[PDB]
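Undergrad: structure for the following, please:
(3 chains)
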Amino acid sequence: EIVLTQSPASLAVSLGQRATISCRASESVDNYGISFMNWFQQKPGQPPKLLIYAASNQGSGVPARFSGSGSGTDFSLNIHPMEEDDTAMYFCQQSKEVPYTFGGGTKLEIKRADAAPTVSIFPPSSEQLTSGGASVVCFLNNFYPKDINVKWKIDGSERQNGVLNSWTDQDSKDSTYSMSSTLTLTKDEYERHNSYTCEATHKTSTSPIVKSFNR
Amino acid sequence: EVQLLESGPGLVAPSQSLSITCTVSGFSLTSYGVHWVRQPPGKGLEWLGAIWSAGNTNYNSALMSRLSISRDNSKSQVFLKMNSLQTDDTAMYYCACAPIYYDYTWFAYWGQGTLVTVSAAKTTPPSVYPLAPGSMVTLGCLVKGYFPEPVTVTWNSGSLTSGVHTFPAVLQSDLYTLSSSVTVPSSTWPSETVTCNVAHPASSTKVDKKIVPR
Amino acid sequence: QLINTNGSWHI
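TA: Numbers count the residues shown, from 1 in each chain, chains lettered A, B, ... in the order given. Below is the structure:
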């Protein structure tokens, strides 16, 4: 069938600049004088939204800055000028004949200036301690770029075990990321120690941002 | 108003079968094709097949032998059935529609999708814990030890939307954990109530946790 | 006018 090869896999574009995504088909998707090439945008937690149909026609609710072009086997989606809400996954799709097929997708994000995280730490809740578990939570909010390191310490000694990390998708308004880091111990081990510390190292500061508390 | 809604089993044991119903309104099935699309977590869209306005069907080339699509026009329902699911079949499953014309409504209307997890692990409700601290103040909600995905988190029944981050769930020992943070002006908390609202449909769990100062 | 009632486009 008609295989669609979508390029790039991912890229980041700064505000006001141009994002160019390409879709090449293994054979022509033209018939009856038109190209059966469609483009979709997909935001986190949402179904895809139609952007472009018939290679170059804009769907309902689709801003002028999204433009489709091409014919035959070579197609492009251009987004210019890039805006914050355009961070998303993008897919091409051919509908010339069965089976209908999709390109592999492009993750398009915003390139923006560095921003330091805002760090907060949370002791285990009284509710959780009753169940014999103890989770310590560190939020690192609204930073850029996505790369960041969290080091946990218990009574001053690094703890690289029982830690789970999770990043949000890029924010659609300020283009930042956030991350949660959760250290989970048995209640018995938690009650054995005093100081719990989350250290956030990010390219925006010489020294870590440190949040800490005593049990 | 064109609308589609998937109903699926949520959790499927390996080698068992999958049945999803797409219920539609605002259009007649005899005038539309209804298409099935799936998306493995973090991966791309895959066209599974369609039942066209005429009532015939077509399928994905590689999956055709495991797939069956049918419809009940009187009930405005389209059905997907898939045989012997394996871990590779874990995915969000969507229905979408397109008329007999090629125009701006081409795949313009989708269901919200239903997540199908292929696993023999046990459905487990979450434990929900409030995260209070030890100008602006940040609070949280810890949603621990549930299976399968998804959960929904809101703050103050949705009235509190700005300053909210809900972090993707992470799997450990066949149980998911996620957290949500919300940042509000310190003048409003604890003077005003802040409550996370958590739902885990698979276990029919619904719970509110007020964030109270320690 | 393109029409697709059965999986194939025709005019």
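Undergrad: and residue B:117, helix, strand or coil?
TA: With DSSP: H, G, I helix; E, B strand; the rest coil as the basis, residue B:117 sits in strand.
Undergrad: what's the answer for residue B:101, then?
TA: When the rule is three-state DSSP, residue B:101 gets the label coil.
Undergrad: name the nearest residue to residue 205, sequence neighbours excluded.
TA: You didn't say which chain, so I picked chain A. residue A:116 (6.1 Å; C-beta to C-beta, 6 or more residues apart in numbering or on different chains). Where you see a C-beta, it was placed from the backbone N, CA and C, and this is true even at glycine.
Undergrad: try again with chain B
TA: Spatial nearest neighbour of residue B:205, chain neighbours left out: residue B:125 (4.4 Å); criterion: C-beta to C-beta, 6+ apart.
Undergrad: distance of that neighbour from residue B:148?
TA: Using C-beta to C-beta, to the nearest Å, we find residue B:125 at a distance of 11 Å from residue B:148.
Undergrad: just residue A:208 next, same as before
TA: From residue A:208 across to residue B:148, the span is 36 Å (C-beta to C-beta).
Undergrad: quick check, the residue in chain A closest to chain C?
TA: Nearest to chain C, among the residues of chain A, is residue A:98, at 5.0 Å (C-beta to the nearest C-beta).
Undergrad: endpoints of stretch B:200-214, how far apart?
TA: By C-alpha to C-alpha, to the nearest Å, the extent of stretch B:200-214 from end to end equals 27 Å.
Undergrad: buried ones in that stretch?
TA: B:200, B:202, B:203, B:205, B:209, B:211 (16 or more other C-beta atoms under 10 Å in any protein chain shown).
Undergrad: taking the residues you listed together, which two end up most distant?
TA: Using C-beta to C-beta, the buried residues of stretch B:200-214 reach their maximum pairwise distance at B:202 and B:211, which is 25.3 Å.
Undergrad: count of neighbours near residue A:140?
TA: For residue A:140, the count of nearby residues is 26 (other C-beta atoms under 10 Å in any protein chain shown).
Undergrad: same deal with residue A:85?
TA: Neighbours of residue A:85 (other C-beta under 10 Å): 13.
Undergrad: got the domain ranges for chain B?
TA: Using curated CATH domains, the domains assigned to chain B come out as B:1-121, B:122-214.
Undergrad: contacts only, for the closest residue to residue A:32 other than its chain neighbours.
TA: The shortest distance from residue A:32 to any non-neighbouring residue, by C-beta to C-beta, 6+ apart, is to residue C:11 (5.8 Å). Residues near residue C:11 by C-beta atoms under 8 Å, 6 or more residues apart in numbering or on different chains: A:32, C:1, C:2, C:3.
Undergrad: so what's residue B:110 bridging to?
TA: Beta-bridge partners for residue B:110, by DSSP bridges, are residue B:96.
Undergrad: what is the neighbour count of it?
TA: For residue B:110, using other C-beta under 10 Å, the count is 23.
Undergrad: verify the stated contact: it with residue B:94.
TA: Yes: with contacts defined as C-beta atoms under 8 Å, residue B:110 counts as touching residue B:94 at a distance of 5.4 Å.
Undergrad: and residue B:90, what does it touch?
TA: Contact analysis of residue B:90 by C-beta under 8 Å, 6+ apart lists B:40, B:41, B:116, B:117, B:118, B:119.
Undergrad: mind doing that once more with 6 Å?
TA: B:117, B:118 (C-beta atoms under 6 Å, 6 or more residues apart in numbering or on different chains).
Undergrad: same thing with residue B:15?
TA: Applying C-beta under 6 Å, 6+ apart to residue B:15 gives the contacts residue B:84.
Undergrad: is it in a helix, a strand, or coil?
TA: Of the three states, residue B:15 takes coil under three-state DSSP.
Undergrad: which residues sit in contact with residue B:109?
TA: Listed by C-beta under 6 Å, 6+ apart, the contact set of residue B:109 reads B:2, B:97.
Undergrad: go again using 7 Å as the cut-off
TA: Counting by C-beta atoms under 7 Å, 6 or more residues apart in numbering or on different chains, residue B:109 touches B:2, B:4, B:96, B:97.
Undergrad: next: residue A:170.
TA: Each residue near residue A:170 by C-beta under 7 Å, 6+ apart is listed here: A:87, A:109, A:110, A:177.
Undergrad: what's the neighbour count on the nearest residue to the third one once chain neighbours are set aside?
TA: So the one you mean is residue A:110. Among residues not flanking residue A:110 along the chain, residue A:175 sits closest, at 3.9 Å (C-beta to C-beta, 6+ apart). By other C-beta under 10 Å, 21 other residues sit near residue A:175.
Undergrad: if I look at residue A:175, how far off is residue A:140?
TA: Counting by C-beta to C-beta, the gap from residue A:175 to residue A:140 is 16 Å.
Undergrad: give me the neighbour count for residue B:9.
TA: Each residue near residue B:9 was counted by other C-beta under 10 Å, and the total is 16.
Undergrad: same thing with the one 3 residues further on?
TA: Number of residues near residue B:12 (other C-beta under 10 Å) recorded here: 23.
Undergrad: now do the phi/psi pair for it.
TA: When read as degrees, to the nearest 10, the backbone of residue B:12 gives phi -130, psi 130.
Undergrad: ditto for residue A:3
TA: Phi and psi for residue A:3, reported as degrees, to the nearest 10, are phi -90, psi 130.
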